[PDB]
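**Q** Input structure: work32.cif, which contains mmCIF, C-alpha atoms and all ligand atoms.
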data_work
#
loop_
_atom_site.label_atom_id
_atom_site.label_comp_id
_atom_site.auth_asym_id
_atom_site.auth_seq_id
_atom_site.Cartn_x
_atom_site.Cartn_y
_atom_site.Cartn_z
CA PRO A 1 28.10 8.46 20.70
CA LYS A 2 27.49 8.81 16.92
CA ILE A 3 26.80 6.41 14.05
CA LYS A 4 29.83 5.44 11.96
CA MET A 5 28.50 2.33 10.23
CA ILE A 6 25.16 1.48 8.60
CA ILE A 7 24.30 -2.20 8.00
CA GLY A 8 21.61 -2.95 5.41
CA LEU A 9 20.24 -6.45 6.03
CA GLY A 10 19.28 -8.79 3.21
CA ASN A 11 20.05 -11.89 1.16
CA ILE A 12 22.50 -11.67 -1.75
CA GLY A 13 21.24 -12.83 -5.21
CA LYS A 14 18.79 -11.53 -7.88
CA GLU A 15 16.02 -13.83 -6.59
CA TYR A 16 16.13 -12.10 -3.18
CA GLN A 17 16.89 -8.48 -4.06
CA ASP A 18 13.19 -7.51 -4.47
CA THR A 19 11.92 -9.35 -1.33
CA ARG A 20 10.60 -7.78 1.92
CA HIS A 21 13.48 -9.29 3.92
CA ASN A 22 15.87 -7.03 1.88
CA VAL A 23 14.45 -3.55 2.67
CA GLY A 24 17.52 -2.75 4.85
CA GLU A 25 19.73 -3.33 1.80
CA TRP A 26 17.43 -1.04 -0.21
CA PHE A 27 17.89 1.73 2.39
CA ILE A 28 21.72 1.73 2.06
CA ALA A 29 21.45 1.26 -1.74
CA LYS A 30 19.41 4.46 -1.93
CA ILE A 31 22.00 6.39 0.18
CA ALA A 32 24.83 5.15 -2.06
CA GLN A 33 22.88 6.02 -5.24
CA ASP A 34 21.88 9.51 -3.95
CA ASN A 35 25.63 10.13 -3.46
CA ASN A 36 26.89 8.68 -6.81
CA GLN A 37 28.84 6.04 -4.82
CA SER A 38 29.30 2.36 -5.68
CA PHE A 39 29.73 -0.64 -3.38
CA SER A 40 32.92 -2.75 -3.47
CA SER A 41 33.07 -6.50 -2.94
CA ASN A 42 34.97 -7.34 0.28
CA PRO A 43 34.87 -11.18 0.59
CA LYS A 44 37.46 -11.16 3.43
CA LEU A 45 34.98 -9.04 5.43
CA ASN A 46 32.00 -11.10 4.14
CA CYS A 47 30.28 -8.05 2.63
CA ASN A 48 30.01 -5.25 0.12
CA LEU A 49 31.20 -1.84 1.35
CA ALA A 50 30.67 1.81 0.42
CA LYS A 51 31.81 4.95 2.25
CA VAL A 52 29.57 8.00 1.86
CA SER A 53 29.28 11.61 3.05
CA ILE A 54 26.13 12.52 4.94
CA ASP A 55 26.51 16.29 5.19
CA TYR A 56 29.26 16.82 7.80
CA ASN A 57 29.42 13.15 8.86
CA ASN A 58 30.79 10.06 7.08
CA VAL A 59 29.60 6.47 7.34
CA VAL A 60 30.55 3.02 6.07
CA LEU A 61 27.61 1.31 4.34
CA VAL A 62 27.64 -2.48 4.75
CA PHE A 63 25.70 -5.19 2.90
CA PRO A 64 26.57 -8.63 4.35
CA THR A 65 26.97 -11.26 1.58
CA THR A 66 26.53 -14.08 4.15
CA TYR A 67 22.79 -14.59 3.84
CA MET A 68 20.53 -13.26 6.56
CA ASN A 69 21.20 -15.81 9.31
CA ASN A 70 24.97 -15.19 9.40
CA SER A 71 24.92 -11.37 9.01
CA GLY A 72 26.82 -11.01 12.34
CA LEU A 73 29.96 -12.58 10.81
CA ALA A 74 30.14 -9.61 8.38
CA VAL A 75 29.13 -6.89 10.91
CA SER A 76 31.70 -8.25 13.44
CA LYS A 77 34.60 -8.44 10.94
CA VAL A 78 33.85 -4.93 9.57
CA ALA A 79 33.53 -3.39 13.08
CA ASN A 80 36.86 -5.00 14.05
CA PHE A 81 38.57 -3.80 10.86
CA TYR A 82 37.35 -0.16 11.10
CA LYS A 83 37.56 -0.12 14.92
CA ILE A 84 33.86 0.69 15.45
CA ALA A 85 31.98 0.08 18.73
CA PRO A 86 28.51 -1.54 18.84
CA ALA A 87 26.92 1.84 19.88
CA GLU A 88 28.28 3.37 16.64
CA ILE A 89 26.42 0.84 14.45
CA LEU A 90 23.04 1.37 12.84
CA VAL A 91 21.27 -1.79 11.68
CA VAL A 92 18.48 -1.32 9.11
CA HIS A 93 15.98 -4.16 8.78
CA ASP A 94 12.48 -5.28 7.82
CA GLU A 95 9.93 -4.92 10.63
CA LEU A 96 6.74 -7.04 10.71
CA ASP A 97 5.21 -5.09 13.64
CA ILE A 98 4.63 -1.92 11.61
CA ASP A 99 3.11 -1.41 8.17
CA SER A 100 4.66 -0.58 4.83
CA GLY A 101 5.19 3.20 4.77
CA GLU A 102 6.12 3.25 8.44
CA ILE A 103 9.62 3.56 9.87
CA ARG A 104 10.72 3.57 13.57
CA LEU A 105 13.98 3.99 15.48
CA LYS A 106 15.00 1.70 18.44
CA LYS A 107 18.19 1.42 20.53
CA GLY A 108 18.88 -2.18 21.67
CA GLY A 109 16.34 -4.83 22.63
CA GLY A 110 16.13 -8.50 21.62
CA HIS A 111 16.10 -9.89 18.10
CA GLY A 112 12.30 -10.54 18.15
CA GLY A 113 12.77 -13.71 16.05
CA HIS A 114 14.77 -11.86 13.30
CA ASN A 115 17.71 -14.13 12.23
CA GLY A 116 19.78 -11.18 10.95
CA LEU A 117 19.46 -9.45 14.33
CA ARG A 118 20.02 -12.70 16.30
CA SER A 119 23.26 -13.35 14.37
CA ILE A 120 24.52 -9.79 14.98
CA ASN A 121 23.78 -10.05 18.75
CA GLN A 122 25.72 -13.32 18.79
CA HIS A 123 28.84 -12.10 16.94
CA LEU A 124 28.97 -8.69 18.70
CA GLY A 125 28.27 -10.18 22.17
CA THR A 126 25.65 -7.46 22.73
CA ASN A 127 22.34 -6.23 21.28
CA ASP A 128 23.11 -2.60 22.20
CA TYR A 129 23.28 -1.09 18.71
CA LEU A 130 20.88 1.28 16.96
CA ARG A 131 18.10 -0.14 14.76
CA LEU A 132 16.11 1.48 11.97
CA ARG A 133 12.96 -0.56 11.60
CA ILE A 134 11.39 -0.41 8.14
CA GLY A 135 7.74 -1.62 8.16
CA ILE A 136 6.81 -4.40 5.75
CA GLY A 137 3.54 -5.23 7.51
CA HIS A 138 2.47 -8.62 8.83
CA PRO A 139 0.69 -11.45 6.88
CA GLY A 140 -1.80 -12.01 9.73
CA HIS A 141 -0.64 -15.33 11.17
CA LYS A 142 2.85 -16.35 12.39
CA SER A 143 2.77 -19.50 10.19
CA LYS A 144 2.81 -17.28 7.02
CA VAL A 145 5.74 -15.06 8.11
CA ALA A 146 8.67 -16.90 6.44
CA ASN A 147 7.06 -16.95 3.00
CA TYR A 148 5.87 -13.34 3.56
CA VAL A 149 9.39 -11.92 4.13
CA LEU A 150 10.74 -14.06 1.29
CA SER A 151 8.18 -12.50 -1.09
CA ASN A 152 7.98 -9.24 -3.01
CA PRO A 153 5.74 -6.52 -1.65
CA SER A 154 2.74 -5.53 -3.74
CA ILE A 155 3.07 -2.48 -6.01
CA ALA A 156 1.35 -0.29 -3.36
CA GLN A 157 3.52 -1.64 -0.52
CA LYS A 158 6.78 -1.12 -2.57
CA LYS A 159 5.73 2.53 -3.12
CA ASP A 160 5.01 2.86 0.64
CA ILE A 161 8.35 1.26 1.61
CA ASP A 162 10.21 3.59 -0.85
CA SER A 163 8.48 6.53 0.80
CA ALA A 164 9.42 5.28 4.31
CA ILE A 165 13.01 4.93 3.04
CA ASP A 166 12.91 8.58 1.89
CA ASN A 167 11.57 9.56 5.33
CA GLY A 168 14.51 7.83 7.15
CA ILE A 169 16.97 9.52 4.75
CA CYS A 170 15.41 12.90 5.71
CA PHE A 171 15.98 12.08 9.44
CA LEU A 172 19.50 10.66 8.89
CA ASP A 173 21.53 13.57 10.33
CA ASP A 174 19.50 13.28 13.54
CA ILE A 175 19.73 9.46 13.54
CA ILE A 176 23.55 9.62 13.19
CA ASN A 177 23.63 12.07 16.17
CA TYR A 178 21.43 9.93 18.45
CA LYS A 179 18.60 12.47 18.49
CA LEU A 180 15.91 9.79 18.54
CA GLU A 181 12.61 11.67 19.08
CA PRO A 182 9.49 9.66 18.03
CA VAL A 183 9.11 12.29 15.39
CA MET A 184 9.30 10.10 12.25
CA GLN A 185 5.52 9.49 12.18
CA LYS A 186 4.90 13.28 12.17
CA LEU A 187 6.63 13.67 8.81
CL CL B 201 1.84 -3.29 4.85
#
Translate this structure into structure tokens?
Ligand SMILES: [Cl-]
**A**
Amino acid sequence: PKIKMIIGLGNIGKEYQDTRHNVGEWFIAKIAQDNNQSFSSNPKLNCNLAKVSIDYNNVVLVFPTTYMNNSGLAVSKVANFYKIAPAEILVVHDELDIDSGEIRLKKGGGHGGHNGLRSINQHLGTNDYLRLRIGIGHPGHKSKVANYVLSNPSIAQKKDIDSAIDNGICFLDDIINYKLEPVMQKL
């Protein structure tokens, strides 16, 4: 099994593009930009798409234009259209459980209260896809979480997130080939 599709989770709109909830979108935006590739609007698939070369592999980059909580509508339509199985999908998302600068890999598991992930599990009928978890840190109490993810990181956090994005890009050939050693934090 190898990765054919990378979903970058986020909310569409200028007011959301800089927020912590959009770091998945930033990840795919950086891949596209590194490759001199633009996204195309695909309203019938509920997303923006770009196809890029990653050395000797290709992937479809997907930014759902649905808003976070209906991301699965886009992922499901795109997977159906390109004939891609859930195991061949990488979903990149903000992760509260690790700090800005940190990045982990995880196959499957529950949504952990993430609406983007819950929606994808619902539309696919399975949670068994690959996840790239980009740390945004945690505000310290659950009651502050919504506002936290809908806010911009500090200058120092943004720099740390950008670095963690670079780190995931450096591990991308391995990620695409399901070589998932816990070897990101040794970088
Ligand atoms: Cl943090």
**Q** Closest to ligand CL 201 (chain B) among A:158, A:118, A:142, A:104, using only C-alpha atoms and all ligand atoms?
**A**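 For ligand CL 201 (chain B), the nearest of the given residues is A:158.
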**Q** Which centre and which edge lengths, in Å to one decimal, describe the axis-aligned box that holds all listed atoms of region 179-185 of chain A after 3 Å is added on each side, as lines of an AutoDock Vina configuration file?
**A**
center_x = 12.1
center_y = 11.0
center_z = 15.6
size_x = 19.1
size_y = 9.0
size_z = 12.9
**Q** The residues within 9 Å of (12.7, 1.4, 15.1), using all atoms listed in the file and the coordinates of the file, should be reported as a tab-separated table (two decimals) with C-alpha atoms, in the frame of the given file; which are they?
**A**
chain	number	residue	atom	x	y	z
A	92	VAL	CA	18.48	-1.32	9.11
A	95	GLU	CA	9.93	-4.92	10.63
A	103	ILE	CA	9.62	3.56	9.87
A	104	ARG	CA	10.72	3.57	13.57
A	105	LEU	CA	13.98	3.99	15.48
A	106	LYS	CA	15.00	1.70	18.44
A	107	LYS	CA	18.19	1.42	20.53
A	130	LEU	CA	20.88	1.28	16.96
A	131	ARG	CA	18.10	-0.14	14.76
A	132	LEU	CA	16.11	1.48	11.97
A	133	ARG	CA	12.96	-0.56	11.60
A	134	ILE	CA	11.39	-0.41	8.14
**Q** Please tabulate, as a tab-separated table, the residues of chain A that come within 7 Å of ligand CL 201 (chain B), each with its closest pair of atoms and the distance in Å to one decimal, counting only C-alpha atoms and all ligand atoms and ordering rows by chain, then residue number upward.
**A**
residue	atom	partner	partner_atom	distance
A:99	CA	B:CL201	CL	4.0
A:100	CA	B:CL201	CL	3.9
A:135	CA	B:CL201	CL	7.0
A:136	CA	B:CL201	CL	5.2
A:137	CA	B:CL201	CL	3.7
A:138	CA	B:CL201	CL	6.7
A:157	CA	B:CL201	CL	5.9
**Q** Can you write just those residues out, C-alpha atoms, as a PDB file, in the frame of the given file?
**A**
ATOM      1  CA  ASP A  99       3.110  -1.410   8.170  1.00  0.00           C
ATOM      2  CA  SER A 100       4.660  -0.580   4.830  1.00  0.00           C
ATOM      3  CA  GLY A 135       7.740  -1.620   8.160  1.00  0.00           C
ATOM      4  CA  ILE A 136       6.810  -4.400   5.750  1.00  0.00           C
ATOM      5  CA  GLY A 137       3.540  -5.230   7.510  1.00  0.00           C
ATOM      6  CA  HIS A 138       2.470  -8.620   8.830  1.00  0.00           C
ATOM      7  CA  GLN A 157       3.520  -1.640  -0.520  1.00  0.00           C
TER       8      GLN A 157
END
**Q** Would you pick out the contacts of residue 38 (chain A) at 8 Å or less, using only C-alpha atoms, so that residues sharing its chain but fewer than 4 positions from it are not included, and give the list as a VMD selection string?
**A** chain A and resid 32 to 33 50
**Q** Do you have, as a Markdown table, the list of residues of region 72-173 of chain A lying at most 6 Å from region 13-22 of chain A, each with its nearest atom pair and that distance in Å to one decimal, counting only C-alpha atoms and ordered by chain then number?
**A**
| residue | atom | partner | partner_atom | distance |
| --- | --- | --- | --- | --- |
| A:94 | CA | A:21 | CA | 5.7 |
| A:149 | CA | A:20 | CA | 4.8 |
| A:150 | CA | A:19 | CA | 5.5 |
| A:151 | CA | A:19 | CA | 4.9 |
| A:152 | CA | A:19 | CA | 4.3 |
**Q** Those selected residues, please, written with C-alpha atoms and delivered as a PDB file, keeping the file's coordinate frame.
**A**
ATOM      1  CA  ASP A  94      12.480  -5.280   7.820  1.00  0.00           C
ATOM      2  CA  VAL A 149       9.390 -11.920   4.130  1.00  0.00           C
ATOM      3  CA  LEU A 150      10.740 -14.060   1.290  1.00  0.00           C
ATOM      4  CA  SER A 151       8.180 -12.500  -1.090  1.00  0.00           C
ATOM      5  CA  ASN A 152       7.980  -9.240  -3.010  1.00  0.00           C
TER       6      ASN A 152
END
**Q** Counting only C-alpha atoms, which residues of region 104-157 of chain A sit at most 6 Å from some atom of region 72-86 of chain A, and what is each one's closest atom pair with its distance in Å to one decimal, listed by chain and rising residue number, as a Markdown table?
**A**
| residue | atom | partner | partner_atom | distance |
| --- | --- | --- | --- | --- |
| A:119 | CA | A:72 | CA | 4.7 |
| A:120 | CA | A:72 | CA | 3.7 |
| A:123 | CA | A:72 | CA | 5.1 |
| A:124 | CA | A:76 | CA | 5.9 |
| A:129 | CA | A:86 | CA | 5.3 |
**Q** Write out the residues from the selection above, keeping C-alpha atoms, as a PDB file, in the coordinates of the input.
**A**
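The result, written out as again26.pdb:
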ATOM      1  CA  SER A 119      23.260 -13.350  14.370  1.00  0.00           C
ATOM      2  CA  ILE A 120      24.520  -9.790  14.980  1.00  0.00           C
ATOM      3  CA  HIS A 123      28.840 -12.100  16.940  1.00  0.00           C
ATOM      4  CA  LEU A 124      28.970  -8.690  18.700  1.00  0.00           C
ATOM      5  CA  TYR A 129      23.280  -1.090  18.710  1.00  0.00           C
TER       6      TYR A 129
END
**Q** Residues within 12 Å of residue 51 (chain A), please, as number ranges by chain. Count only C-alpha atoms; anything in the same chain fewer than 2 positions from it doesn't count.
**A** A: 4-7, 28-29, 31-33, 35-40, 48-49, 53-54, 57-63, 82
**Q** Measure the distance from CA of residue 68 (chain A) to CA of residue 25 (chain A) in Å and round it to one decimal.
**A** 11.0 Å
**Q** Return the single residue from A:154, A:12, A:24, A:56 that is closest to residue 41 (chain A), with distances computed using only C-alpha atoms.
**A**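 Going through A:154, A:12, A:24, A:56 one by one, the smallest distance to residue 41 (chain A) is for A:12.
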**Q** For residue 90 (chain A), which residue among A:185, A:125, A:178, A:161 is the nearest when counting only C-alpha atoms?
**A**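 Closest residue, counting only C-alpha atoms: A:178.
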**Q** Of the residues A:11, A:43, A:98, A:27, which is the one nearest to residue 169 (chain A), using all atoms listed in the file?
**A**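 Smallest separation from residue 169 (chain A) among the options: A:27.
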**Q** Could you state the separation of CA of residue 127 (chain A) and CA of residue 164 (chain A) in Å, given to one decimal place?
**A**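 Atom-to-atom, CA of residue 127 (chain A) to CA of residue 164 (chain A), that is 24.2 Å.
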**Q** Of the candidates A:96, A:91, A:176, A:165, which one gets nearest to residue 117 (chain A) if we count all atoms listed in the file?
**A**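 Comparing A:96, A:91, A:176, A:165 against residue 117 (chain A), the winner is A:91.
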**Q** Ranking A:69, A:23, A:115, A:166 by minimum distance to residue 153 (chain A) and counting all atoms listed in the file, which one comes first?
**A**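 For residue 153 (chain A), the nearest of the given residues is A:23.
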**Q** Could you tell me how far CA of residue 147 (chain A) lies from CA of residue 108 (chain A), in Å and to one decimal?
**A**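 Result for CA of residue 147 (chain A) versus CA of residue 108 (chain A): 26.6 Å, one decimal.
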**Q** Kindly reconstruct region 124-150 of chain A with N, CA, C and O atoms and present the result as a JSON list (two decimals), keeping the file's coordinate frame.
**A**
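The file below, selection.json, is the result:
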[["chain", "number", "residue", "atom", "x", "y", "z"],
["A", 124, "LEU", "N", 28.53, -9.87, 17.93],
["A", 124, "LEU", "CA", 28.97, -8.69, 18.70],
["A", 124, "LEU", "C", 29.08, -8.96, 20.21],
["A", 124, "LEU", "O", 29.89, -8.32, 20.89],
["A", 125, "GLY", "N", 28.29, -9.90, 20.73],
["A", 125, "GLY", "CA", 28.27, -10.18, 22.17],
["A", 125, "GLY", "C", 27.34, -9.23, 22.92],
["A", 125, "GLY", "O", 27.33, -9.20, 24.14],
["A", 126, "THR", "N", 26.55, -8.46, 22.18],
["A", 126, "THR", "CA", 25.65, -7.46, 22.73],
["A", 126, "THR", "C", 24.59, -7.13, 21.69],
["A", 126, "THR", "O", 24.85, -7.22, 20.49],
["A", 127, "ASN", "N", 23.40, -6.75, 22.15],
["A", 127, "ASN", "CA", 22.34, -6.23, 21.28],
["A", 127, "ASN", "C", 22.24, -4.69, 21.28],
["A", 127, "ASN", "O", 21.29, -4.13, 20.73],
["A", 128, "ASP", "N", 23.21, -4.03, 21.91],
["A", 128, "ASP", "CA", 23.11, -2.60, 22.20],
["A", 128, "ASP", "C", 23.60, -1.72, 21.05],
["A", 128, "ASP", "O", 24.48, -0.88, 21.22],
["A", 129, "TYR", "N", 23.01, -1.92, 19.88],
["A", 129, "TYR", "CA", 23.28, -1.09, 18.71],
["A", 129, "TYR", "C", 21.97, -0.42, 18.28],
["A", 129, "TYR", "O", 20.88, -0.80, 18.74],
["A", 130, "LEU", "N", 22.07, 0.57, 17.39],
["A", 130, "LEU", "CA", 20.88, 1.28, 16.96],
["A", 130, "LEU", "C", 20.19, 0.54, 15.81],
["A", 130, "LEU", "O", 20.86, 0.00, 14.93],
["A", 131, "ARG", "N", 18.85, 0.48, 15.85],
["A", 131, "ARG", "CA", 18.10, -0.14, 14.76],
["A", 131, "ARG", "C", 17.14, 0.82, 14.07],
["A", 131, "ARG", "O", 16.48, 1.63, 14.72],
["A", 132, "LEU", "N", 17.11, 0.76, 12.74],
["A", 132, "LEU", "CA", 16.11, 1.48, 11.97],
["A", 132, "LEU", "C", 15.15, 0.44, 11.42],
["A", 132, "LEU", "O", 15.51, -0.38, 10.56],
["A", 133, "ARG", "N", 13.93, 0.45, 11.94],
["A", 133, "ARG", "CA", 12.96, -0.56, 11.60],
["A", 133, "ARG", "C", 12.09, -0.05, 10.46],
["A", 133, "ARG", "O", 11.33, 0.92, 10.64],
["A", 134, "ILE", "N", 12.21, -0.71, 9.31],
["A", 134, "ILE", "CA", 11.39, -0.41, 8.14],
["A", 134, "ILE", "C", 10.17, -1.38, 8.04],
["A", 134, "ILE", "O", 10.32, -2.58, 7.76],
["A", 135, "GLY", "N", 8.97, -0.83, 8.25],
["A", 135, "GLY", "CA", 7.74, -1.62, 8.16],
["A", 135, "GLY", "C", 7.54, -2.31, 6.82],
["A", 135, "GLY", "O", 7.74, -1.72, 5.75],
["A", 136, "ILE", "N", 7.17, -3.59, 6.90],
["A", 136, "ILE", "CA", 6.81, -4.40, 5.75],
["A", 136, "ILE", "C", 5.40, -4.96, 5.96],
["A", 136, "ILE", "O", 4.85, -5.62, 5.08],
["A", 137, "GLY", "N", 4.83, -4.69, 7.13],
["A", 137, "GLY", "CA", 3.54, -5.23, 7.51],
["A", 137, "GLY", "C", 3.67, -6.68, 7.94],
["A", 137, "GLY", "O", 4.76, -7.27, 7.90],
["A", 138, "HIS", "N", 2.53, -7.25, 8.32],
["A", 138, "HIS", "CA", 2.47, -8.62, 8.83],
["A", 138, "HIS", "C", 1.39, -9.37, 8.05],
["A", 138, "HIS", "O", 0.32, -8.80, 7.79],
["A", 139, "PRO", "N", 1.66, -10.65, 7.66],
["A", 139, "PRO", "CA", 0.69, -11.45, 6.88],
["A", 139, "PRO", "C", -0.59, -11.84, 7.64],
["A", 139, "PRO", "O", -1.56, -12.27, 7.01],
["A", 140, "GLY", "N", -0.59, -11.74, 8.96],
["A", 140, "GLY", "CA", -1.80, -12.01, 9.73],
["A", 140, "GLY", "C", -1.75, -13.24, 10.61],
["A", 140, "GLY", "O", -2.46, -13.31, 11.60],
["A", 141, "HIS", "N", -0.91, -14.21, 10.27],
["A", 141, "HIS", "CA", -0.64, -15.33, 11.17],
["A", 141, "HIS", "C", 0.84, -15.68, 11.12],
["A", 141, "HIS", "O", 1.43, -15.68, 10.04],
["A", 142, "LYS", "N", 1.43, -15.99, 12.28],
["A", 142, "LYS", "CA", 2.85, -16.35, 12.39],
["A", 142, "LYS", "C", 3.28, -17.42, 11.36],
["A", 142, "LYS", "O", 4.38, -17.33, 10.79],
["A", 143, "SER", "N", 2.43, -18.41, 11.10],
["A", 143, "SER", "CA", 2.77, -19.50, 10.19],
["A", 143, "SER", "C", 3.00, -19.08, 8.72],
["A", 143, "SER", "O", 3.49, -19.88, 7.93],
["A", 144, "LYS", "N", 2.66, -17.83, 8.38],
["A", 144, "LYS", "CA", 2.81, -17.28, 7.02],
["A", 144, "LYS", "C", 4.00, -16.31, 6.90],
["A", 144, "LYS", "O", 4.30, -15.83, 5.80],
["A", 145, "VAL", "N", 4.67, -16.07, 8.02],
["A", 145, "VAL", "CA", 5.74, -15.06, 8.11],
["A", 145, "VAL", "C", 6.97, -15.32, 7.22],
["A", 145, "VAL", "O", 7.46, -14.38, 6.56],
["A", 146, "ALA", "N", 7.46, -16.56, 7.18],
["A", 146, "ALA", "CA", 8.67, -16.90, 6.44],
["A", 146, "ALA", "C", 8.49, -16.61, 4.95],
["A", 146, "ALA", "O", 9.28, -15.86, 4.35],
["A", 147, "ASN", "N", 7.44, -17.19, 4.38],
["A", 147, "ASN", "CA", 7.06, -16.95, 3.00],
["A", 147, "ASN", "C", 6.81, -15.47, 2.74],
["A", 147, "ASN", "O", 7.22, -14.95, 1.69],
["A", 148, "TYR", "N", 6.15, -14.78, 3.68],
["A", 148, "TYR", "CA", 5.87, -13.34, 3.56],
["A", 148, "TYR", "C", 7.15, -12.50, 3.37],
["A", 148, "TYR", "O", 7.25, -11.70, 2.44],
["A", 149, "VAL", "N", 8.15, -12.70, 4.23],
["A", 149, "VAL", "CA", 9.39, -11.92, 4.13],
["A", 149, "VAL", "C", 10.24, -12.35, 2.92],
["A", 149, "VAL", "O", 11.03, -11.57, 2.38],
["A", 150, "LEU", "N", 10.04, -13.58, 2.47],
["A", 150, "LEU", "CA", 10.74, -14.06, 1.29],
["A", 150, "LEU", "C", 9.95, -13.83, 0.01],
["A", 150, "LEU", "O", 10.22, -14.46, -0.98]]
